[PDB]
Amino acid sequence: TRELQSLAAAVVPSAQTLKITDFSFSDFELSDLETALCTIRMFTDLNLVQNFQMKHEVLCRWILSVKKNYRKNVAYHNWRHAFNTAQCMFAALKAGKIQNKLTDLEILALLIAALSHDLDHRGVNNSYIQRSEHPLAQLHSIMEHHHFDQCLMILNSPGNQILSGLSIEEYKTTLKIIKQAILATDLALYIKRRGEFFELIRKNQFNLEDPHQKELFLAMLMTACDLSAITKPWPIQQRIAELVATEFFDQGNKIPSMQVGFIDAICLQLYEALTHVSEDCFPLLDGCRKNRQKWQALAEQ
């Protein structure tokens, strides 16, 4: 409650001041409270506070509840990863001008989903807890369903209901988009569905007015921001790879070639496709290409 008193009383600096419009954004120098103020600015500058009549105190309480339900003893899959994913979504909507291709309910759900998509992640080497639970459902996007459960629980918690200003129809619609968006962060679903996305772009058939292609695009965008650490400037990306390695190996050199393979198999084609959708998202592809060059030079020793 003392952290809530400081956050609700602080003046939120502008998006430019907070540098959240830049694809190169990094959070290493920010306090936890500073990350919360940037998150308020994301809601504010996307007009989510205005169009959906969000009480200031409820938004702050919701942001702090989301933050507290990430585990800091997890080296990468923590609150800062979710905060950065949301920042990339904000930068993609603003700096990439994607914002005008989507409705307010879709933008509202994407921001919420980005912030919530990894809630209560226990670390890649602690998947035994989600097996003590659901001992039969182990051989399903097991974790992404749990992440949405966590998100929904927080959205419904007293004093935390940032969607109370929505009508019941807008709420059901928003909840559905949130659910699909969080579930899309399952890389298996990404690999399963990315092929249809690429051929649509390749054949120049990509149609945002198609309800199926709009949903497909929302999934790809969630993956793009989820993995956006791979696009950051070289000093940032080196630090993130350190965090990924700690969670993976130390439950908290082979890394260069692992990063190059990850860029090739997963990342490069997605950011290539996204630039065909909007050339203003090119910095993500450019940053990813530069990082591959750096890791590959190290990989060759």
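Between two forms, the rigid core is the largest collection of C-alphas that superpose within 1.5 Å. Numbering starts at 1 and follows the sequence shown.
Per-stretch RMS Cα distance to the displayed form in 8 other deposited structures of this protein, following rigid core alignment, is highest for 66-74 when 53-61 and 66-74 are compared.
When the other structures are laid on the shown form by the rigid core, the stretch among 144-152 and 207-215 with the greater C-alpha deviation in 8 other deposited structures of this protein turns out to be 144-152.
Modelled in this chain, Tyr190 is likewise resolved in all the other entries of the protein that span it on both sides, not missing from even a third of them. Across the other entries compared, none leave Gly96 without coordinates where the residues on each side are present, so it is far from a third.
The modelled chain breaks after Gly252 and resumes at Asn253, leaving 10 or more residues of the deposited sequence without coordinates.
According to the entry, the stretch of the deposited sequence that connects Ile168 to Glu169 contains no residue lacking coordinates, so the chain runs unbroken between them. Stretches 273-281 and 287-295 differ in mean C-alpha B factor, with the higher average recorded for 273-281.
For the pair 98-106 and 226-234, the mean B factor over Cα atoms is greater in 98-106. The PDB entry assigns its highest CA temperature factor, among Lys179, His212, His117, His121, to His212. You'll see in the entry that, of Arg71, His81, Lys203, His147, the Cα B factor peaks at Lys203.
Ranked by Cα temperature factor within the chain, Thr185 sits in the lowest third according to the deposited record. Among the modelled residues of its chain, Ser141 has a C-alpha B-factor that falls in the highest third, as given in the PDB entry.
Ranked by Cα temperature factor within the chain, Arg131 sits in the highest third according to the deposited record.
Annotation for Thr85: C-alpha temperature factor in the lowest third relative to the rest of the modelled chain, per the entry. Remark: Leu208 belongs to the highest third of its chain, ranked by C-alpha B-factor as recorded.
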